[PDB]
Q: 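Handing you this structure, nothing more for now.
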Protein chains: 2
Amino acid sequence: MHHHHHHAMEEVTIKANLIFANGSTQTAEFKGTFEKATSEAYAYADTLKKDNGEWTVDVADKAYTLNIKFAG
Amino acid sequence: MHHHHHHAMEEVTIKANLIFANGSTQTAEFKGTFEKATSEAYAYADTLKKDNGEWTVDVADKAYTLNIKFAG
Ligand SMILES: [Zn+2]
Ligand SMILES: [Zn+2]
Ligand SMILES: [Zn+2]
Ligand SMILES: [Zn+2]
Ligand SMILES: [Zn+2]
Ligand SMILES: [Zn+2]
């Protein structure tokens, strides 16, 4: 499944690729928590439904931070 | 839970922050599939166990690509 595991004070960058039925595309960037950032991307997509129809989305990861702590 | 959902031809960037018992740190970057990139990060961490002890890790997301397709 596609699951975002929230962390406090997270800062995530969302690159949205909008692909229209005729093959044309548009890209936009959103930043903030994963929840807020994706919400804005979806809200934007919704403003385009009137002229471009229903949309579906696939979320794919691109970057992570690994915090590795040694005990000594 | 922390779950990486694999996608074909994915290219993920891993930023590893190694935190030692005495407070000092070291950072490194790894790239490739999430699986390969994290594997290299862990392998690197293992080479430091002899002198720095056991390590634990927390994986946190940083960036995503959203592919939004309109049906028309
Ligand atoms: Zn999955
Ligand atoms: Zn979140
Ligand atoms: Zn997917
Ligand atoms: Zn979770
Ligand atoms: Zn993968
Ligand atoms: Zn975590």
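We name chains A, B, ... by the order of the sequence lines, and we start the count at 1 in each one. Computation of the quantities below employed the complete heavy-atom set of this structure, encompassing side-chain atoms and omitting hydrogens, waters and symmetry-equivalent molecules. Ligands are counted one by one from 1 in listed order, and the atoms in each one are counted from 1 as well.
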Q: Quick check: of its N, O or S atoms, which one does A/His7 have closest to the Zn ion (ligand 6)?
A: NE2
Q: Looking at A/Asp58, which of its N, O or S atoms is the nearest one to the Zn ion (ligand 3)?
A: OD1
Q: Is there an N/O/S atom in B/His3 that lies less than 2.8 Å from the Zn ion (ligand 4)?
A: no
Q: Can you tell me if B/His5 uses its side chain to pair, donor with acceptor, with the backbone of A/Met1 under 3.5 Å?
A: yes
Q: Do any of the N, O or S atoms of B/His5 sit under 2.8 Å from the Zn ion (ligand 3)?
A: no
Q: Look at the side chain of B/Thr38 and the backbone N and O of B/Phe34, then say whether any donor-acceptor pair between them is shorter than 3.5 Å.
A: yes
Q: Report the residue from A/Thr25, A/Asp58, A/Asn17 that forms a side-chain hydrogen bond (donor to acceptor under 3.5 Å, both in side chains) with B/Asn67.
A: A/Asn17
Q: Is a side-chain N or O of B/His3 found less than 3.5 angstrom from the main chain of A/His2, in a donor-acceptor match?
A: no
